Amino acid sequence: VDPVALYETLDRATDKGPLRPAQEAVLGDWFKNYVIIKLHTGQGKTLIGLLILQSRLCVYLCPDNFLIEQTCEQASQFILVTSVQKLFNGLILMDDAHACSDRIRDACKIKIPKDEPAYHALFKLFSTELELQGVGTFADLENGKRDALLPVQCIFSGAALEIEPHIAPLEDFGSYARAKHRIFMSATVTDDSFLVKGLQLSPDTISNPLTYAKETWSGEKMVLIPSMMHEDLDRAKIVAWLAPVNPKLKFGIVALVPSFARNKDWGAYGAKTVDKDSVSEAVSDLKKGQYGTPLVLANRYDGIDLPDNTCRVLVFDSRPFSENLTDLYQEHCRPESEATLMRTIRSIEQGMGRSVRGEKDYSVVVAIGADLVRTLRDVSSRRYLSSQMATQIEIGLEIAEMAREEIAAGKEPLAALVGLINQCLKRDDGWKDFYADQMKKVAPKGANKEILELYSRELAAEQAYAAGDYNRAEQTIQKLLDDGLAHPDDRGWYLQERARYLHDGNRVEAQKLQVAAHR
Amino acid sequence: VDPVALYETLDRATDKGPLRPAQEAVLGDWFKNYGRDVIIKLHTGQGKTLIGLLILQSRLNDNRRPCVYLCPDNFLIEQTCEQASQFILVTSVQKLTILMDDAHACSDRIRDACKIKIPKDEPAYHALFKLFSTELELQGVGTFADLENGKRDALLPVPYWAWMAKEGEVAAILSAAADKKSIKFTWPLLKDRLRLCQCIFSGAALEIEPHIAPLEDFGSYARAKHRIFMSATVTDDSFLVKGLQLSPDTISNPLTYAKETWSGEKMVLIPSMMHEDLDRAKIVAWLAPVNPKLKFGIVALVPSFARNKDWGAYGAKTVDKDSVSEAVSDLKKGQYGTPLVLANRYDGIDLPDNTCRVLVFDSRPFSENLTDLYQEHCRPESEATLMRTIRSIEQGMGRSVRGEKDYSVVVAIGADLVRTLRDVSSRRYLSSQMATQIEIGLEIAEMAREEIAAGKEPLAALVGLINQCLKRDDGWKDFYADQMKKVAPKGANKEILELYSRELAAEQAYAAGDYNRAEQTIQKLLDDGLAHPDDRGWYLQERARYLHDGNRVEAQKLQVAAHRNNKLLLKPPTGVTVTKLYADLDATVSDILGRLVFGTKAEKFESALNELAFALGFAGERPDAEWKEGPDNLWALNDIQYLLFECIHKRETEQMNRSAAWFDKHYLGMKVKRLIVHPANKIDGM
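Residue numbers (the authors' numbering), protein chains in the order written: chain B, 17 to 50, 62 to 84, 91 to 111, 132 to 144, 159 to 219, 259 to 625; chain A, 17 to 51, 60 to 111, 132 to 140, 158 to 642, 663 to 728, 739 to 774, 785 to 787.
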């Protein structure tokens, strides 16, 4: 049942030709051998997925329900697909593996808020581990605010009662771990080094992505970082520019924004401030040419398809801070740690994977905020980023250089920004060929072996602490520091991690470690 | 610029893959060569829109411009260049360096646009009727009265000698009618090229047409710098020589894909060769009333505007070639309750995927052109007649597919396609694809007979076979997947090309005034022995036809000899004197039985009432069509006994008087039984 040849048995629509060359190859390499099918989206990952889920003659998986009833239509234009909220139980394929890692993370955080009565039983019951330290800062959480940590496995914070381990406990999804092996998919822009934290699977075959030999470069992403062109284009200007209704544009806007408070900046101009399934409405009307109203989504940097003129402009408004509070509290506590940089970058990259879904596609991405700049400027963070991303980012940086040249030539920053968006929109060949020259810097890479190993140790520390063998966690962090894998601040923070692993043991050693970290 | 590499520079929509293997091979073959004329064939969905546009883009960017694809109709001007959004100049053929699609369809829109048709309502009919009132009578004393009484399909020519003798009077009468919708579009052409043409009368319309469509007159296509007449692999490309003015070379070197065998699916049905309880009288009872179950479009194709009545009475949506532009779009929406009905739409509609999974093909496409009916009268069995009817079969089934894994149910039901698709000689005039697809259609028809032999309802057997193509049946798919291995595309038979090219050159020679060079070319053809002896008489008429402009004595002797070979030809006013007169048998009698029914179209009725003599073994003639006076039908029952038939109101009483006087004049005192064509029996009628 061979997925390179037997594709010619599909009584496909008149609009459907052969396979891509890359599909011919990757289907063959799957077939001869059988993991991350890194390909530029628009190499027909839908078709690759459905042809593996034909060669299994066993089902798809995807972020969340809104798209999946739509995506099954290609089993009509060319076993039944299903979303990931189903089929698993606690006791093949997947798609957009980091984008769906957030959905499978939020399904771990079954928090319940403090106005539901269960907290008032929880707060006194759990008190024996937290009251001994927390009363020094009981202030925000006495009023129900979320801004305070509770100094108690799972984390606890001043907001809701919160079943949230540091790693997402997605192991409570059973058959995910049990099948012989299962293919993923992921755009080549993905930093798949995060998978061992985002999806827990182990470093080895994650380091060998299935890849066409000539797999190279794709997606005309004009990734504007206008926070490195001028402060006249700092974040507040774009909201007050692209949020109004403007049906005179021939393509969709969308905006991706960090919090439900900032819906009051975009929505001040009447944008369609949807929720996590009414997005279907504004995306479908943007397909149906209703280019009038910018769709806007809070804290959903992921799991949206916007092929071709459905979006030539995505506004990536600000540096993400998660739907989950532990991932936020660590941003305060570990401000230049590897964990914080990779956790942010894994979203910064995924928050650009929406507005391109074709191989020859073109797209403005505007990604803005000086804190986002602080996260993307560092060469170490472009080391975390994929080399396709690192190149596309650096091309974005060169466009910001040309934009600063234009402004130095006296061009008003918003009129230069309109000009730049004109270049990508109107297929300006002097821009397209410039971009084609610049793309020769692209080459693919495997997952980063430096980091998969450290994260397997950190992950193993979490599981050993969970498996009743805190001693093996002590050995893991000792071995980690002896190998020198920690960043200079983590050389302090790991004493607090060790202490958290040891507060169930001899209380005094962990206490001395915390005192040694507290400074 | 290079069409091998150009494809990957396309800003193509996310739903579009790479360049196909067939397209890339064929575009190597184009680019390593032509980058003036060459045919192509390429199966539907091999992307002839895509191929056509990589070529026309390729030409447009090396500044060799303008160059244009033709859509076979006005409907498609949007549906084609939509794929300049999904991936330039384009236009409908009725609006006109031109690199075709759908070669026979684009031929025919170039012919029917170049053909006068004047209906009985307008004085333009009656003034010409007054003009030719003597010579039409002297070509059918009987039939000349059925024009004023006005049966739709009584049919008379005006002879070449009549036409040339009254040239300026016709030109004056119809210049005085140059504004009418019956005349307006054709008029800049045939008002000048009079003598090359012929003119034919019927009791509902009259027509005027040249024997070769006047391509050289065109503003653009006549002066083209390159062409490539792409067509579906279904087409027998042999007909394009005269319709599109090819060399034999151009058609002889087609750029098909080097490893092509078969692609595209048509479940061609011939229900009239399954059972008579499945011929057109059965299929009448089922298809057009509204049905709730259907998930796919249905289009009824009928030969002419008068044939709408049955499906319209059952209630299918009787749109026309203009108003179809709505319903064909609502077939994409979901209008599946009510089928369309289209008259004479064997060409120019493209119905991809579920826009049509069922198409009905009612009857043998006797043209919107009287010229082809009267050449079916002059030459009922010639190569030209068999080609011009077989070609319309080969086009009509090509409506309901435009992909390669696309699929379709062309239901072709005619009682005369019985006496059309059977003959292997007639199936010479097909591509190897279309010939094989038709033969698989007859084996499929036999399998429907086997279902009826399993006692199943014949219509339900059709609904079953419909299911076997709707639901991608393992049976039909593997049955086809076994049988089509026999095929690769043909070139063309040089014997046909050379014959047809000499026919063309004879017309062009007479247009040059070299009537003698045309005449010699015809004699040369007969000395090469290619034409069957029954076509020889038409060629003697062809010799005489041009010679009448200046060598009337030999032309008259030739016309006498033409009449001696085949009497249904034109007969001169002087010199000629009246001389004294199992399944394939089932099919041919069924074509006779299908026409002899009382009140049928008169030409069909009379022709069946002549052929019925030979089906009964008598020697038959049509004196009103042969001797041009006297009875419409006359048989010798033996050399002393005869049988006679004649076409109740006042005016019809003249006919039996004249035909009696003719018979008593030429066949003096011979014994006869005399009949009149009426079912009425008071004022034998049989």
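Idealized CB from N, CA, C, for every residue including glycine.
Buried or exposed by the 16-neighbour rule on C-beta atoms within 10 Å, applied to residue i
i	result
B/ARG425	buried
B/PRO364	buried
A/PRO519	buried
B/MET508	exposed
A/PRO594	exposed
B/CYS91	exposed
A/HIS67	buried
A/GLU564	buried
B/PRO184	exposed
A/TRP224	buried
A/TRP708	buried
B/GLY143	exposed
A/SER292	buried
A/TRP716	buried
B/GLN259	exposed
B/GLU326	buried
B/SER168	buried
Start-to-end residues for the alpha helix (DSSP H) that takes in residue i
i	result
B/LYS370	369–372
A/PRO519	519–531
A/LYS555	555–572
B/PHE290	Taken as a continuous stretch (DSSP letters only), B/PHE290 belongs to no alpha helix (DSSP H), being part of the beta strand (DSSP E) at 290–293.
A/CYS95	Careful: A/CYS95 lies outside any alpha helix (DSSP H), inside the beta strand (DSSP E) at 93–95.
A/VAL42	37–47
Any C-beta of chain B under 7 Å from that of residue i
i	result
A/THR104	no
A/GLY698	no
A/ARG533	yes
A/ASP414	yes
Short Cβ contact (7 Å threshold) for residue i with residue j
i	j	result
A/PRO96	B/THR30	no
A/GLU684	A/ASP214	yes
B/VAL471	B/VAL329	yes
A/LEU217	A/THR204	yes
B/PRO332	B/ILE474	yes
A/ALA164	A/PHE290	yes
A/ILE410	A/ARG489	no
A/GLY33	B/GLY33	yes
B/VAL302	B/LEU558	yes
A/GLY376	A/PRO350	yes
Span of the beta strand (DSSP E), counted from its first residue to its last, around residue i
i	result
B/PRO400	That residue, B/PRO400, is in no beta strand (DSSP E); it is neither H nor E in DSSP.
B/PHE422	419–422
A/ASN714	714–717
Residue-chain proximity (residue i, chain A), Cβ-Cβ < 7 Å
i	result
B/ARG36	yes
B/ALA29	yes
B/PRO19	no
B/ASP539	no
B/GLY33	yes
B/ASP163	no
B/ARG170	no
B/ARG463	yes
B/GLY536	no
B/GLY69	yes
Supposed contact pair residue j and residue i - C-beta distance, whole angstroms, cut 8 Å
i	j	result
A/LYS178	A/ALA266	6 Å
residue 804 of chain A	A/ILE63	The question about residue 804 of chain A has no answer here: the residues shown for chain A are numbered 17 through 787.
B/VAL389	B/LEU401	7 Å
Near the ligand PLP: residue i beta-carbon under 6 Å from a heavy atom
i	result
A/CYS260	Of the ligands one can find in the structure shown there are none, so the ligand PLP has no counterpart to examine.
Interface flag, residue i vs chain E, CB-CB below 7 Å
i	result
A/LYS466	Absent here is chain E; the protein component of the structure consists of chains B and A.
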